[PDB]
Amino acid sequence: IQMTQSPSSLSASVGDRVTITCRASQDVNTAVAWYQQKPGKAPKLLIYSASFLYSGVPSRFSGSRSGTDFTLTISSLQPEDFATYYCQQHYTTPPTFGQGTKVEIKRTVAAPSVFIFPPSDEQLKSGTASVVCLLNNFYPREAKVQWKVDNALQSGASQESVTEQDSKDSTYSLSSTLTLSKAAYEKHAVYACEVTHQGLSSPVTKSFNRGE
């Protein structure tokens, strides 16, 4: 028995009413549970037997059933409900989970603060050079970070990482790391990261001249 969960992700604001649905591939009676999982932690039971609020779960969570369709409702979305939610059937063995629903908090647009870091002298000693561009406290999550070495656009020498949504201000932060050999790093002069984001009227560039 499969569990088709929708949507895969959603964005809603604090206080919004949120609906997550899950369709069982066949009858599963009411043998259905809903779980919440926060980054870095074990899943946590919210609803059991389709509609029963689990002890200690806030009353804004509820579940209901209509045939093969099951629905989790959060009446008033809170900042602390940033998580992935999972539906699960245990009508037959093996029990199966839905594929999850990423819930993020909607907030106003916030432009990133941008910083660029040259490679440390210690790292250059070992023969590698990492250049790090930081985008701090922005929303939405989507952003475009391009590396330019001597005003030439780079391809496939950088990796990105994004933090989870911040608990207070609901923003994201992002790092982009350009990795080069020491020899290649010493052959160029200007290192720049160029940032395009909804919160910026025009792209922001931070740069440095190697050695200066």
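Residues carry their position along the shown sequence, with the first being 1.
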Of 47-55 and 177-185, the stretch with the higher mean C-alpha B-factor in the deposited entry is 177-185
Test of understanding: from the entry's C-alpha B-factors, which stretch has the higher mean, 31-39 or 160-168? 160-168
Say you rank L72, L124, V132, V109 by Cα B-factor from the PDB entry; which sits at the top? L124
Ranking the modelled residues of this chain by C-alpha B-factor as given in the entry, is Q88 in the lowest, middle or highest third? lowest
Is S76 in the lowest, middle or highest third of its chain when residues are ranked by C-alpha B-factor? highest
Can you tell me whether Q99 has a C-alpha B-factor in the lowest, middle or highest third compared with the other modelled residues of the same chain? middle
Would you mind checking where the Cα B-factor of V149 ranks among the modelled residues of its chain, as the lowest, middle or highest third? middle
